[PDB]
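Below: one structure, written as structure tokens.
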Amino acid sequence: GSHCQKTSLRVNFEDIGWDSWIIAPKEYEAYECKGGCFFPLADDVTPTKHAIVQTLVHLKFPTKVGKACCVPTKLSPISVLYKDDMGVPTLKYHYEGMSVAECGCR
Amino acid sequence: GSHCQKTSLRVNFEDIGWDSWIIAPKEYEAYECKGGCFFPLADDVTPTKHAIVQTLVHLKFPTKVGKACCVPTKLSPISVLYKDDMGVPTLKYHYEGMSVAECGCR
Amino acid sequence: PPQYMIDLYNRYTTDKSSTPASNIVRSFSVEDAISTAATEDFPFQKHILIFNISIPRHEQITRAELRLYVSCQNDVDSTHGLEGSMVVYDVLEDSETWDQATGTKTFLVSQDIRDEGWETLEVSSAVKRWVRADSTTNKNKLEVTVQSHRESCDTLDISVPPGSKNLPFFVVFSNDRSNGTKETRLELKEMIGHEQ
Amino acid sequence: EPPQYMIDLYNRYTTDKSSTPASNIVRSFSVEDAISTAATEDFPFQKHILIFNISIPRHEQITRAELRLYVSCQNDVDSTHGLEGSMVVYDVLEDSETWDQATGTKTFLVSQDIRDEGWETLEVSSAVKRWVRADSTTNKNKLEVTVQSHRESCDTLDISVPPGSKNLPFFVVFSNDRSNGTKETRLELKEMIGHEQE
Ligand SMILES: *[C@@H]1O[C@H](CO)[C@@H](O[C@@H]2O[C@H](CO)[C@@H](O)[C@H](O)[C@H]2NC(C)=O)[C@H](O)[C@H]1NC(C)=O
Ligand SMILES: *[C@@H]1O[C@H](CO)[C@@H](O[C@@H]2O[C@H](CO)[C@@H](O)[C@H](O)[C@H]2NC(C)=O)[C@H](O)[C@H]1NC(C)=O
Ligand SMILES: [Zn+2]
Ligand SMILES: [Zn+2]
Ligand SMILES: [Zn+2]
Ligand SMILES: [Zn+2]
Ligand SMILES: [Zn+2]
Ligand SMILES: [Zn+2]
Ligand SMILES: [Zn+2]
Ligand SMILES: [Zn+2]
Ligand SMILES: [Zn+2]
Ligand SMILES: [Zn+2]
């Protein structure tokens with residue numbers, strides 16, 4: 001709850017029950033976006049115009065409008081070996097959208 | 001705190017002090033994304049793989065990991081008349097990223 | 001800021017079914033004006049209009065308009081008529097002696113005038129050269145000559161400085177070379193400056 | 001159940017991140033059924049028709065296909081006299097419920113000389129590419145493998161096939177996406193939502 005930034009998040013597929021179809025890896029670094037999008041929004045959170053507007057509106061009317069949320073911007077792919085819906089073993093070098101590359105306010 | 005969805009949000013530039021450079025319009029519909037990204041995440045919130053993973057992780061470790069945030073997806077442009085830093089009157093038919101087109105969980 | 005820009009805004013918003021050709025529009029008022037009265041040698045009004053047009057390198061302009069206010073300048077016997085012609089030149093080389101009677105000019109638009117009011121001159125070519133300055137020759141200015149005809153006003157002219165009303169100004173239509181990519185990037189940085 | 005070949009491919013891809021593979025998508029298809037005919041005097045070689053269920057999504061563009069076979073002299077006595085021969089795989093176009101090789105229409109894929117007992121890799125990309133664009137008409141999605149034993153070798157030199165349970169043939173299909181990952185990640189998402197509520 002300070003500044004929107006990427007934090008460590010190790011995800012074990014056994015824990016979330018995805019070990020039933022995910023063959024590899026057993027666990028991976030997915031990362032997490034923590035912190036708030038407090039005024040002002042700087043370059044380092046890649047804000048949108050709406051985010052800036054909403055933040056100012058929230059600053060003006062905090063009881064009616066909430067502030068922008070700290071969410072992942074671009075996501076990084078990982079290598080994944082898994083079984084298809086048909087049970088077919090499938091390996092993908094770029095399984096897009098599994099881990100956080102950058103964070104930001106939206 | 002129900003379902004991630006687009007809600008109405010009327011923004012007056014006078015209220016947020018942007019009347020100093022924004023000439024037109026005086027106010028516009030910017031919209032806002034309200035609601036929570038509760039399990040399970042469906043198509044109507046265009047979730048990412050990370051969002052799905054984190055949501056499941058949240059179910060397992062709610063005290064350590066938070067759930068996905070309801071944020072704007074793609075943004076719609078509006079027509080804006082304004083003065084440059086040099087004081088030059090500027091009109092742009094597509095001033096991108098001013099209002100919410102779709103919402104989703106990230 | 002001219003209401004011409006405001007009406008353009010209203011035009012864009014009321015006609016959502018009809019998208020305009022240009023996204024970016026800017027208004028540039030005249031910075032300075034050098035006026036020379038008609039002589040027997042050169043029977044017409046001469047005006048050198050100095051502007052400060054500065055369009056970002058990453059932008060590709062499409063059209064430029066020079067808006068002038070044609071009016072019989074409150075002469076006695078002004079009911080005798082208002083009819084003539086006017087010509088705008090892109091000034092390459094100037095000279096602090098006379099106007100028209102010196103320097104190097106490139107003819108832009110020839111305009112016949114009748115009604116008192118605003119005239120629009122399509123002088124896109126001149127501004128495009130101003131954008132690609134390439135240093136060297138000092139430009140960013142143009143010369144407008146106003147020719148009064150026989151059966152017309154003796155003081156037929158365009159309203160210019162040091163006058164305070166209906167002064168000349170530029171209307172530059174522009175788009176982005178990166179098709180809006182680099183544009184919205186800088187718009188964001190601009191907004192962040194205006195944020196705090 | 002998932003072949004260790006697939007597992008090793010993962011380990012290869014992950015330990016060598018500095019060297020990106022030519023193909024992103026890799027799938028393993030085990031043999032569905034096998035029709036085996038022993039060598040005859042008329043046709044002195046082992047005949048196998050291997051029926052698969054190769055199904056690659058239409059929006060995907062496959063690049064390579066591998067047929068993995070286990071070549072072995074079937075525990076014959078005096079097999080120590082040597083183990084050397086060759087094998088040929090044909091893409092079956094038109095089949096016929098009579099004999100193998102001795103009937104139907106085939107289009108030749110790969111000729112392979114064999115020496116070591118173990119797994120062989122056959123470049124049979126063409127056949128699968130033809131199978132993807134099935135266009136109904138001629139029923140395919142199957143191929144014929146012949147195993148030719150040479151003179152100083154085993155009379156029972158063959159590939160391990162069903163109804164055996166060990167070292168069975170399988171396909172390895174390498175593929176990329178035509179839509180450059182757009183339609184790919186869309187369906188991956190829809191599938192994952194299914195695995196979300198799983
Ligand atoms: C006229 O426009 C020019 C831009 O072409 C302005 O010059 C800029 O001035 C700022 C601040 O003085 C400098 O940081 C920039 O480097 C200048 N740009 C160039 C290209 O020189 C100038 O200030 C404007 N003048 C008026 C009166 O509007
Ligand atoms: C061979 O593979 C095909 C395609 O993968 C399978 O076709 C499936 O048929 C079922 C019928 O209930 C459909 O619900 C599936 O959607 C089909 N698959 C696809 C990818 O669309 C076929 O079942 C497989 N054969 C066997 C014997 O398992
Ligand atoms: Zn919860
Ligand atoms: Zn647009
Ligand atoms: Zn004379
Ligand atoms: Zn005339
Ligand atoms: Zn004429
Ligand atoms: Zn007369
Ligand atoms: Zn720009
Ligand atoms: Zn040979
Ligand atoms: Zn024998
Ligand atoms: Zn796919």
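We label chains A, B, ... in the order they appear in the structure tokens, count residues from 1 in each chain, and number ligands from 1 in the order shown.
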
>> Should the cut-off be 9 Å, what would the residue list for chain D against chain B look like, counting only C-alpha atoms, as a ChimeraX atom specification?
In response: /D:188-190,192-193,196-197

> Neighbours of ligand 7 within 8 Å, counting only C-alpha atoms and all ligand atoms, as a ChimeraX atom specification?
Replying inline: /C:84-85,111-112

> Which residues form the shell of 7 Å around ligand 4 when you count only C-alpha atoms and all ligand atoms, given as a PyMOL selection string?
Replying inline: chain B and resi 77+94+96

> Hey, which residues come within 8 Å of ligand 3 if we count only C-alpha atoms and all ligand atoms? Could you give them as a PyMOL selection string?
Replying inline: chain B and resi 38+58-59+62+66-67

> What do you get as an NGL selection string if you pick all residues at most 8 Å from ligand 8, counting only C-alpha atoms and all ligand atoms?
Replying inline: :C and (80 or 150-152)

Those selected residues, please, written with C-alpha atoms and delivered as a short mmCIF file (atom, residue, chain, number, x, y, z; two decimals), in the first residue's frame.
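Below is the file that was written, out_18.cif:
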data_model
loop_
_atom_site.label_atom_id
_atom_site.label_comp_id
_atom_site.auth_asym_id
_atom_site.auth_seq_id
_atom_site.Cartn_x
_atom_site.Cartn_y
_atom_site.Cartn_z
CA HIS C 80 -18.90 53.47 -53.31
CA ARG C 150 -11.19 50.87 -60.11
CA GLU C 151 -14.82 51.02 -58.97
CA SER C 152 -14.08 50.10 -55.35
#

>> Let me see if you get this right: every residue at most 10 Å from ligand 9, counting only C-alpha atoms and all ligand atoms, written as a VMD selection string.
In response: chain C and resid 24 55 to 60 174 to 178 180 to 187

Residues as selected, C-alpha atoms, written as a PDB file, in the first residue's frame, can you do that?
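Output saved as out_25.pdb:
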ATOM      1  CA  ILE C  24      -4.888  17.361 -35.043  1.00  0.00           C
ATOM      2  CA  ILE C  55       4.676  21.691 -35.592  1.00  0.00           C
ATOM      3  CA  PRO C  56       6.421  18.675 -33.979  1.00  0.00           C
ATOM      4  CA  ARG C  57       8.748  16.667 -36.228  1.00  0.00           C
ATOM      5  CA  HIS C  58       6.872  13.404 -35.638  1.00  0.00           C
ATOM      6  CA  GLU C  59       3.705  14.955 -37.082  1.00  0.00           C
ATOM      7  CA  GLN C  60       2.678  15.093 -40.742  1.00  0.00           C
ATOM      8  CA  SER C 174      -2.167  17.626 -39.017  1.00  0.00           C
ATOM      9  CA  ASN C 175      -1.894  13.882 -38.467  1.00  0.00           C
ATOM     10  CA  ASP C 176       0.676  11.604 -36.836  1.00  0.00           C
ATOM     11  CA  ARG C 177       3.376   9.761 -38.790  1.00  0.00           C
ATOM     12  CA  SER C 178       3.215   6.842 -36.355  1.00  0.00           C
ATOM     13  CA  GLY C 180      -1.289   8.051 -33.341  1.00  0.00           C
ATOM     14  CA  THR C 181       1.291   5.951 -31.505  1.00  0.00           C
ATOM     15  CA  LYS C 182       3.910   8.610 -30.731  1.00  0.00           C
ATOM     16  CA  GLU C 183       1.091  11.148 -30.442  1.00  0.00           C
ATOM     17  CA  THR C 184      -0.686   9.521 -27.491  1.00  0.00           C
ATOM     18  CA  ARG C 185       2.689   8.842 -25.869  1.00  0.00           C
ATOM     19  CA  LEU C 186       3.445  12.563 -25.664  1.00  0.00           C
ATOM     20  CA  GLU C 187      -0.173  13.393 -24.822  1.00  0.00           C
TER      21      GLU C 187
END

> Do you have the CA of residue 63 in chain D-CA of residue 125 in chain D distance handy?
Replying inline: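 Distance between the two atoms: 7.3 Å.
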
> Do you have the CA of residue 8 in chain A-CA of residue 79 in chain A distance handy?
Replying inline: 18.6 Å

> Taking the backbone alone, and naming residues the way the document does, which bits of range 4-171 of chain C are alpha helix (DSSP H) by DSSP, as a list in words?
Replying inline: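 The alpha helix (DSSP H) subset of range 4-171 of chain C is residues 4, 5, 6, 7, 8, 9, 10, 11, 12, 13, 14, 124, 125, 126, 127, 128, 129, 130 and 131 of chain C.
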